[PDB]
Every structure is written in C-alpha cells, then in structure tokens.
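Here's the structure, in structure tokens; my notes come after.
The chains referred to below are lettered A, B, ... by the order of the sequence lines, with proteins before strands, and numbering in each begins at 1.
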Amino acid sequence: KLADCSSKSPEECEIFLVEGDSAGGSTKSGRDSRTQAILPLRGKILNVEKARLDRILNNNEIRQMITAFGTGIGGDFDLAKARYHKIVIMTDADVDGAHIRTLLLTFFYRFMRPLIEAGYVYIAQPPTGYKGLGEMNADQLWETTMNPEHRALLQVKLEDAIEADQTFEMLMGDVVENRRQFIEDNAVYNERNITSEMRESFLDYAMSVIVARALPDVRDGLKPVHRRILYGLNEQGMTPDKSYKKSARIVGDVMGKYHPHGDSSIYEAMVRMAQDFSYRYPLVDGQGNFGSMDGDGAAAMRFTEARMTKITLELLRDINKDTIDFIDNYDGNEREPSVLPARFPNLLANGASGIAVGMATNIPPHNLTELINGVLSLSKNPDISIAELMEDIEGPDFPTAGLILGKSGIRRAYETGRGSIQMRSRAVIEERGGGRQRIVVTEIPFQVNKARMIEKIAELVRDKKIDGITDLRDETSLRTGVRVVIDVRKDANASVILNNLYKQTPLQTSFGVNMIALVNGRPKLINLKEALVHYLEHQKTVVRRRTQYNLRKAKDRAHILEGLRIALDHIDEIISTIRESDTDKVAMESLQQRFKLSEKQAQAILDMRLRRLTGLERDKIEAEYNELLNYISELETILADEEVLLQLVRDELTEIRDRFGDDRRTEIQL
Amino acid sequence: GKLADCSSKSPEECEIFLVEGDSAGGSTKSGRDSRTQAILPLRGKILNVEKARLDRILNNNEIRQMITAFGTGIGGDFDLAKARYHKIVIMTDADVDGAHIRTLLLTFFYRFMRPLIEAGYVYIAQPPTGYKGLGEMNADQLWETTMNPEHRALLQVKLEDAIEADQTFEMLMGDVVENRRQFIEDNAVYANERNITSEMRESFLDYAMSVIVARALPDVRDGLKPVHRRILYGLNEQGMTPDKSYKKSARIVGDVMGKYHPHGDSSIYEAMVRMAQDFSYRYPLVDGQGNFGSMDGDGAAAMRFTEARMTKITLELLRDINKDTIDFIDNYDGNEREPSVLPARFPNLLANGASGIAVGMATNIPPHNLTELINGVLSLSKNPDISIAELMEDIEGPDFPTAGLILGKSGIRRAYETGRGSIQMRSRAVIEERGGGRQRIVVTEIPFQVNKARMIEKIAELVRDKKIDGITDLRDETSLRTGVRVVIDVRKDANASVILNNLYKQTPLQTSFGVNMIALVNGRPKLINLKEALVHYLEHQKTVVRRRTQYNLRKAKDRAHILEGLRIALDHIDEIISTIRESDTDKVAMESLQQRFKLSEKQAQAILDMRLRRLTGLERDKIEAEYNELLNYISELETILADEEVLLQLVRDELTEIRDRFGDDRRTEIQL
DNA sequence: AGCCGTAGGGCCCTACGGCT
DNA sequence: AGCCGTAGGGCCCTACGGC
Ligand SMILES: COc1ccc2nccc(CC[C@H]3OC[C@H](NC(=O)c4ccc5c(c4)NC(=O)CS5)CO3)c2c1
Ligand SMILES: [Mn+2]
Ligand SMILES: [Mn+2]
C-alpha cells in the first residue's frame, strides 16, 4: 500500500498516513514525489490499549506502519533506523478522522514512544467542509496541507509522561466509567501537546456519537440517520399512496442532502425500519428482499424499493406547519428537522439500541395501544405513579412475540430505567407418533438469529453436551410461520431437554434495559414516567404551534380574500384604475390609495385571472372566506383555553390508537 | 459453500434452484418450500467452459459448488444414480444478462453433465419481467409465480439432436468469433418442454443483440453509448450546468440508475469518471471535483466523496434537445422518457473516440482534434464527392488527450479509407545530460491508454531480468507542477539512442492503436470509414437544424395566434369583461367569447387566463411590438425551410462558431 | 499476456458498551 | 467470547474481441 518517495535520506523524507485509497489518490496526485511518501490505511485501526499483544502484532495495518517506519517496536525500537523524520497523521477533517488520529497516537505512544520524543510525529491540518481528502482536488490538498511553504503542520509534543500515561489509559482503555466521567465533566452543549490533542480530539468524537449518532431523541424516538431517511422520504413525496421508489435513489438523496456518511450506514438503517421482525411498528414499506430472521442481509440497494408506511405519516404529520424547528444541514445548502412531530410515542413503541462512547442505550419496544392509554392516563393525572402507569403498560411487546418471565425486571426497568428482563421462546411439547415426542418452537426472543440458535443446538448435540435429541429441523415457511422442531428420543423426558435448551441456548435470552435518550440534547437515563412526560410535553407544543401556524395562515388568506371581495364589489372601478395606470407599480399604488388596500391585497388583485370573474368563481371566493372565518374562530377557541388544547391532543392520540393500535404479541408470564 | 439445502433426502422429490447471487437467493429462500427445494446462489457471470481449459474450470468456485451439490461427478465419471435432485432449475434474473447466465449454465451442463439433460433433470424457471432481479420481488410473489408446483411453469430442457447441439454450443460459445458474428448477422432483427438448441440460439441472440445495440457500441450520430447518454441527459434534467455548483456523484448515479439505466452502480459511476478524465477524453464531458483517478490506474474516490457537473462543451451535445430535434422514447419501465440520441452540435464520435467489446465484434475509434474535424465537415458540406485524401488535408490523423507521436501516415490512411488500420504511437522522449558526462532519457508524454505505472514496471522488469543493457536508474518524477516526467538514467558511455530504441521495441513506450471503426448506423452495427462517419454526422446536423426550425416555426405561429386573441381582448376589454361576468361557468364564457369575437378555443382560454395586471397602459403596445417582431421571425424561419442551401449554410455557421469557441491546438505530433 | 470498458455478482477488517 | 447497530475503510471473480 506504501507509495514511497524516491529519496532515501530520512532527514528530508516525510510519510503521510491517510484513511484509505479515496484519500490516498488526492494525496498521491498532489504530493512532491521526491520526499513525500503515502501510506493509506483502511479506516479505523486497532485500539492497542484494549487489544491483546498478539492481535496487535498480526494486525495488517499495524504491520505496514512498522515496516514503513523501519524502526521496529517497543524494546527493539531503534530510532536511527527511521526511514522518515516526519510521520504525518492526515486523517479526514471529520469526527471519525479525529477518532482515527486518537487511535494512531495511542499506537505510537505505546509502541514507538521515542518517535514522539524525537519530534518526528506531526498532525496535518486539511480544510474542514470536506467529507474526505478524496473530495479535494490534488492541487487544493497540496497548497493547503502538504506544501512545505504554506502548510501548518502541528508537531506532537510529549511534556509529562505521567499525565500522558493516565490520559491514554483513561480515554482509550477498557474502563468505561472513567471515560464516562471525563465526558460528563468536559461536555459542552507549531507544537501541540499530545495530552491536549488526545483529550480534545477524543471528546470531539465522543460528543458527536452521543448527541448525533448512536442515541435516540426522547421526543420522536429517532437517531439522526433514521430522522433524515424519513424526512427524505417525505421531501421526495414517497407516501404509501404513491409507487415504491428505488432504494439507491433514496440513499443517494439522503446522503447528499443530510447524512454525510457511507451508503451502508444509510441503507442498512432503512432496511431495519422495514423489517417486521425488528420494528414493532415498521416505518418503512420495502419491496423486495429486506433480509430475514436468519441474518440474511437485504438485497443490494440497486434491487430494492421503498416508501413510507402509513404509520410513518403520523411521525411526519404537520412538519410543514411550523411545529418543529428546522436547522441547517451539514454544509449550509439544505434545511433539516431537529425533530419530527411524532404524533405517536415512537421511542417506546419501536425501542432503540445504540452503542455510543462512555454509554449505550437499550430500550425495548412496546404495544402502541397500551402506550397511548398510558399517555392518556398521565394527561389526566400529572402525579400518576409508575405502578398506575403499569395498569396500562404491562411491559415490553416485541415484534417476535415470545414470553417474558415475571414482572420484577420490568418493574425495576420502569422505575429506574435499568433492569434485566428474561425472555423465552414459545415452545410446546407434542406427540409425533409411536409414543415419541418433539419440542416445537413457534416464536423466538427478540434480536436472536434463528439459524444461529439452531446451529448452537446442532453443536451441543454433536459435542454430546445435551442428551435426548434425535433430530432438528427448521420447518419455517411463509405459509406456516416460524416452526423449529426438535425430535426427542423415545422415553426421554422432553420437558428436561427443553429446560436444558433454555439454559444452554438463546431459546432463553435476557434483555438488559438501559433507557438512555437525548433530553434537551443531553444523554440521560430515564424511567417510564419521564419518557412519557417528555413525549406528552412534545405533543402539547406541536399541537399548539400547529394551531398558531394555522391561525396566522388563515388570517393571511382571509386578508387576501377581503381584497378580492372588494375588487368584485367594485370591479368597474378596479378595471378603470388599472387601465389608466401605465405600469404595474402605478396600478399597485392607485389600487392601495383608492380602495384602502394593503400591498399584499393590491398584488393579489393584479394577479387575479379574468376567469375568476365568472359566477361560480365569484361564489367560491365568498364561500372560502366564510369557511375561513369559522376556521379562525375554532383556532382561537383552542388557543384561549389550555384544557381545550390538551383535550385536542387526547382526541388526536385516541384516533391514532383506534387506527393503528394492535394486540399484544409477547405474553408476560407470572 | 452457500448451498441452502432442503430437509428431504429422497432425490426424486427434491429440487435445487440456481440463482445469480444472494440478493436473489434471499427472496428464493424466504419463498421456498424448504422441505423439497434447495437453493444455490451463484456469483453473476460464470465461467464459459467452452472457452476455458480444465484446470481453470475445476478451480472455479461456482462450478465446484454445483458439482458438489448435485453429487453426480462430471464427464466420464458422471453417475446419474447419485443425483441429489431430480430437478435442477435455472432461475436467473428476467433480463438479458440473466439470459446470458442461462446460456453459460447450459454450456456447463451440456459439456460436463450431458446425461443430466438427457434424463430430463434440467429445467428453466420463468420468473416475471419488470423486475431488475429476483431480489426486487417479495417472497410470496416469487413463490406464487415461479416456484409453487401448483401454479408455476417450468420448461423442461430437451436434447433432440446431439450433433446439432454440439454445433450450436461450438458456434455460440466457442473461441471462433467469426461464426458467432455470422450467426448474429443472419438472425438479428434490428428495429412445457424446451429444445436446448432453440433455447441456446434464442437466449444468446437476445444477449448479443442487446450488447450490440444497447450497451457496448456508440451511435454514429452523437458518438455515445447508452450509459453515457443517460448520464449526460440526467445531468441536464437536474440542471447541473457549468454555472451551477457541483452535485454529489452518489445522487447523480442513484438518479440515473432509477430513471434511465437499470444496471450496477459501478457501471454508471465509472462511465461518469472516465468522461471527467482529461487523459481519457480529448474533450471532457464531465467536470469532476475530487479524486477522479490518475494515469497510473488508481481509480476514482468512492462516489460518496466526489462531485460533478457538465462541462461547457457538453452543453453543445444537449443544445436544442427541448426543441423537438431528436426522438424521445419510453425508458425501461415506462415511467420516464429519455432521448434516443443527443443533438450533438459537435462531431463527438470522432472527437472523443470510442472503445467497446460487444459480442461478435468490437470497436476502437481514436479521438481527433475538434478544429480539424469541423474543418473536415465544412469541406464535406461544400463537396459531397470529396475524397479521403482531400479530407486528410483538414484531418491529419488522431489527436490523443495524452499527446505523444504517431509514426507516419500509412496506418492513418488505411484506417480512414477502410475503417481498419494499425497506428503506431510513440512516447515523447528526449536524451539529455545529467552531469559527469552521463545522460538520461526523459519521457514527458506516453501513448493513449497506457498505464504509466505499469509501463515503468515493465521497464524495471526488463532491467532486473537482463533483457536490456545500459540502464542504471528509473524514476517517475511526474507532478502537478512538472507534468509527466519519467527518467531513465543511462550508464556512462552507453549509447542512449540505442537504449531508447530498445525500449520502444520491448515496452509500452511504443504501442499500437488498432483502429476498428464500428458504430451504430440506423440502429445496426457498421464498419465505417472517415467519410462515412462525417457524412452521417452532417446528415444528423441537417436534421437537427431543420427540426429545430420547424419547431420554432410552429411555436411562433402559436404565439402569434394567441397574440391576435389578446389584441382583440384588449381592444374590446369592457365587452370581454362583461361577457365573462354574466357567464356562470368557464364553459359558458369560452363559448360566448368565441362566438362574439371570432376567437379560437386557445384564444378564449388565454384571455380567461389573463391576469388583471396585463390591462395596464403600455401592454397593448408591448403586445403589438411582440406581434410585429414575431411576424418577422416567422418569415425568417420560412426562408430557412424553403431553401436547402440556406439551411446548410446555417449548419455551417453554427459549426464554425463552435470551432471558434472550443477548437484547440493539435497535441499529438504526426512524424513522417 | 492481459488489458482496454460496460456488464453479472458478492465479504471483511476496525471502534464503541453492556450483556452473556 | 462475541453479538447487537451506526460509523471508518477497502477487492476479486466472471463475459466479451482484438491484438
Ligand atoms: C469497496 O471495496 C470492497 C471490498 C470487497 C467487497 N466484497 C464484496 C462486496 C463489496 C461491495 C459491494 C456492495 O454491493 C452493493 C453496493 N451498492 C449498490 O448496489 C448501490 C447502488 C446504487 C447506489 C449506491 C449503492 N450508493 C449510493 O450512494 C446511491 S446510488 C455497495 O457495495 C466489496 C467492496
Ligand atoms: Mn474518512
Ligand atoms: Mn441479475
């Protein structure tokens, strides 16, 4: 992968480390070939502070860096064999670039500290506002970043070896809690000291993953990638009524406008939203192969198509009625929603799982009928207890059904945001003839790979670690549903074998509830009541803002209609006024003065087509006006009375419950 | 392997379905009856065993997986009794590439597993059209249409006559191109049980004709293959003009794939990349931002990173496309329209060249200097009977983006007279001193289509292997500032001219361009000479300008007709308004206006659509002026259409303007 | 030879946290 | 252990004709 320089005198030679060949190509084209070598890596490198030594020494990118530098590692590290006197970290100007820099520095510090001490390690400073170096023309890269005469390299300086050791250990080591603490204490919502670099770069990454990747918002239940997909579907009018649209086109659009990351991240998030074994209320309606419970992936995105589900319309409902705040997209050329109106409680309905930095989230899905009944009960009683809420919300309700064992895990999770929930397959024992039996499994636990689970049983039977099983078959089909059959040896006890399978396979699995979501843009562990309270407050705001928007707009339109009504009442004078005017400007002025019109009204009259003078058109103007006056007084009633508003929220939730609410799938056994 | 086997183990009730890959295999696996139906995903095009030797065949992963899965062995050791399935079902995608994969599968079965065919174990599934591949189908649909024994319609493959079948496999799938070419020419039409010979002939012909007429060969008129046409049209439709900002490559590609070009991402993106590369295209058609590859064979950055738009000269390909100059057609699924051909206001086929490997034939057309080409067309426009030697007074020869040298005029002349000929390209190399009484060879230009890094590696190999004497060092000193610079140090006292001549003999420093000018002419492949290529280009331009003139005429007369209606309305506005006001509906008004004022329906409609702001004082004047200018314009257009020589002169003038704006110096030196 | 350029098709390494 | 899901990053097999 090394594209070496022609010179072999270390003192004038430089090596640039880039993320991959997309970046490597702009670099290779821009460089001075004589003195500047280029080593493309392959994205994120091994974190050597967490890895075993042998994994490190067998890692292909680690080996290539060692070979390139020529110095060996650790003990045998020989400075005078360095093939370059500048090693330049040139990752992309994005948060993942920052992460890759923290990773590279960790490796250098732990395995090549003398390289740092001798002042050989540098950080390049490519311009922001590019996704990667492959986005830059070679000449831009050269002039800004690589050319000795204009570039601003940062030389990496080690001051305090003690503070450095503690910094690498804290940020990059296996103990999460110290890293978590560092983030909470530091989170805000020429030479470079290596400790300062590691801390600022690592925090930059940590923060972005926490607030803008891996955790959902409490209000709409979405992570960024999901919000941008759904928003993208909305902007391209890909509603359930219209035909499916090619996935490649959806992804291309989302990536360009909103989500500056790899296609796999976008496509796979969309795919999960279309899987009825993953989403309790699927948000995407997929055409074609969208994967299976056996861990088959979707067909490639060139083959599939998609659109919104009907329930996703309720997530996006009234997004264009000034209900939620828009923000600039990543490059200032587009607007995107900060959050979706989310007219059902999607966070709890669909759940969320997310691996961040310093923390993670794991929120199970719920029955939408129960959830909405929960929100209605809270709406009538702000002081309701978790125990009273559990009269509506019994516990999780997984798309894959199955059993939950007991209530005490659910209770703890709802009270504290954390708890362990034991899940089991739906399995029965039945006769198969000749006095023989079988175990038949028709539902498996949430997030368990069915084919993996079966191979695990096949393995146990082969290693003779389970007695009694004479055959094992997946008889799943579209027509029959999930059906996994385990034949048992004649006169063996099938219940014992079943209990053994629960102990030794994912036929029984735990769900560790860890309910962290973004509240006011900050990560927080929340309980059931707080999730519902944040949801309800969001709904009040959305409906209130929609009411205010509809009021302003209706007033604007009535204002225009009053102008048109005046014009119809005095049409001969209107025509005369315009005919005697030389220009539009003069007409506009005369219309405003003669008939006491606003600029907006005069412009509307000037914009009126002659067809609007026919009988039916005159009547429509008046009908629309009288209808609007009514509408305006309805809107005003709502805004004058907080109880009327709250009731409106309840009636709208009730309508969604009646239309989309469905039966409980997962049985909570006592 | 990825064999997804069924549970039953009685051959006689078991079926195995062969599909193109995992995308298809996932729909198949979700839809199937897992008791009796195994699925084996392949990996796209399989080895053509009629062209490959045994070592290659038996080491091919997909071949091996099929041999293993069927259990019969192959060849002499074939045993029908060990078949693990009594139905082997070919279920490729319902497209031409699917048909190709079917012919490849049958060739394998026929040559290695003939008894399987003879025993009636081989079947062809018939999935429905309108899907890009099986992965586009829901599992229930795939089951009900294709796999369900209660409703499906398998074709059982029958071998009637083994001698005819032998001949068919050899002609269609074998190494002799000419008989395959003869087969296509004899059968092509341009613009249950299943006999295996009939299946092979029909499926292969489908594939071959589709590659010939709709993939691999350029149209003589605009010089474009379908993928490049769809990209450029796509850019135009989304208004990605040179004046607007760069658009992300990923969005262009997804857009083009969705609307026009139902093929892989990499086929589209790489075609776009090439059009943006100034070492590939003599006149680049795409303006790229970011890493778009190098002369060392580095690819472009992944499409997530790059951006693109049209170049200025591409606007000239698309000029007048919205003025009914070219026929639009339905796209592949009937939801869009696309151009059959671009107006192509410069002769793009010869300007940028073309290479393409089809079936039965290929094309290799070198690029040319646009100034020279246009002068050639002009000379032709004045003299239908102009000779090739005369044309060569304007068009000296190819002009490659990479410059360099062409040795002599013999190969050029043969290529322009016949459409075929070998042109010797040579690097630009000089001998120069390097100090200490030593010399070096310096190369600053290389032949078209030569990978610079690879040429350097070939030189290193000659040196390392003692196949060339006198080279002491070898470096690529190329840079953005320097341009291409490859240096070969020569040993003190060695003759550098002799070393250079040896390099020309033994390395890509000198390379042949084999001209083979095949293009689509009236939608069929034709070997054409220079004059024929220019003639068709000139005819296309006459048609474009005539049609544009006709279009403008129609639009002018329509506008004049509306303006006559507006004049009347403004001259009688009070009666107009009163007519409309007493009318209850649109229809009534339209009728009363028409009867009272001798208005057409279009006139009455335009009046009803008139805004009140059009009644201001200077409007009757603006309408009178426009009408007077229009009348003038109309008669100017009528002149053009009544006089062939006027039309042709208008063609000449537009070409000349393009030459003056875009024509550039020759790069490639032709040495005599 | 293997390369030129439109086509068919797919797989594997890395970080991150918490649960087993 | 190693899986879950958003993220960083990339490579190799095939057909086809001509030289
Ligand atoms: C790169 O280095 C390696 C390494 C070896 C590999 N081994 C196996 C498979 C692969 C990649 C194959 C995989 O197939 C699906 C493919 N994309 C599409 O179908 C597609 C279509 C259209 C678009 C699109 C994507 N993306 C957009 O932004 C919108 S337009 C994405 O990549 C390998 C790649
Ligand atoms: Mn990057
Ligand atoms: Mn296919």
- prompt: Where the side chain of A/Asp21 is defined as all heavy atoms beyond and including C-beta, which of D/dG10, C/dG10, C/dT6 is the nearest nucleotide?
  reply: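 From the listed options, D/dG10 comes nearest.
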message: Tell me whether A/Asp92 is salt-bridged to A/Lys131, with the criterion being a basic N under 4.0 Å from an acidic carboxylate O.
response: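 Here A/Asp92 does not pair with A/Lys131 in a salt bridge, since their nearest N and O are not under 4.0 Å apart.
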field: A/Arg180/A/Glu177 salt bridge by N-O under 4.0 Å criterion
entry: yes
Roughly how many Å is it from [atom1] in [X] to [atom2] in [N], rounded to a whole number?
| X | N | atom1 | atom2 | result |
| --- | --- | --- | --- | --- |
| B/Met66 | C/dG9 | CE | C1' | 14 Å |
| A/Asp294 | D/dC4 | CG | P | 12 Å |
| A/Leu41 | D/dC11 | CG | P | 13 Å |
| A/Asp204 | D/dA7 | CG | P | 16 Å |
| A/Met423 | C/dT20 | CE | P | 11 Å |
| A/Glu268 | D/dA7 | CD | P | 11 Å |
| A/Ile100 | D/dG10 | CD1 | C1' | 13 Å |
| B/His263 | C/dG5 | NE2 | P | 19 Å |

Assign [X] to base, sugar-phosphate, or nothing according to its heavy-atom contacts below 4.0 angstrom with the strands shown.
| X | answer |
| --- | --- |
| A/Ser22 | sugar-phosphate |
| B/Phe305 | sugar-phosphate |
| B/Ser267 | base |
| A/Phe446 | nothing |
| A/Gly97 | nothing |
| A/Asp92 | sugar-phosphate |

For [N], does either OP1 or OP2 sit under 4.0 Å from a side-chain N or O belonging to [X]?
| X | N | result |
| --- | --- | --- |
| B/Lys132 | C/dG9 | yes |
| A/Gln447 | D/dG5 | yes |
| A/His226 | D/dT6 | yes |
| B/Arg215 | C/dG5 | no |
| A/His259 | D/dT6 | no |
| A/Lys456 | D/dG2 | no |

Note down whether [N] puckers north or south, where north is a positive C1'-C2'-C3'-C4' and south a negative one.
| N | answer |
| --- | --- |
| D/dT14 | north |
| C/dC13 | north |
| D/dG9 | north |

message: Pick the closest DNA chain D nucleotide for A/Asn449 and for A/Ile266 by heavy atoms, then say which residue is nearer the 5' end.
response: A/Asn449
message: Rounding to 10°, can you tell me the angle the first-five-pair axis of the helix from C/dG2-D/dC19 to C/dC19-D/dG2 makes with its last-five-pair axis?
response: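 Roughly 70° between the end axes, to the nearest 10°.
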Applying side-chain contact (heavy atoms from CB on, under 4.5 Å), name anything that partners [X], two or more places apart in sequence or on another chain.
| X | value |
| --- | --- |
| A/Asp296 | A/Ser292, A/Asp294, B/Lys29 |
| A/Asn58 | none |
| B/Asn60 | B/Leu47, B/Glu62, B/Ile63 |
| A/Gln447 | A/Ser353, A/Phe511 |

field: Min side-chain heavy-atom separation A/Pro364-A/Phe446 under 4.5 Å
entry: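 Contact flag for A/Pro364/A/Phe446 side chains = no.
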message: Are the side chains of B/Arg304 and A/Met255 in contact, using a 4.5 Å heavy-atom criterion?
response: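 Heavy-atom side-chain distance check passes, below 4.5 Å.
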query: Parallel, tilted or perpendicular: which fits the ring planes of A/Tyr279 and A/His226, with parallel below 30° and perpendicular above 60°?
result: tilted
field: Geometric cation-pi criterion A/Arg424 and A/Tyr502, 6.0 Å radius, 45° cone
entry: yes
query: Nucleotide by nucleotide, 5' to 3', does protein get under 4.0 Å of the base (B), only the sugar-phosphate (S), or neither (-) in nucleotides 12-19 of chain D, counting heavy atoms?
result: --BSBBSS
- prompt: So, A/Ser201 and A/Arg101: side-chain donor and acceptor under 3.5 Å apart, yes or no?
  reply: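 There is such a pair between these side chains.
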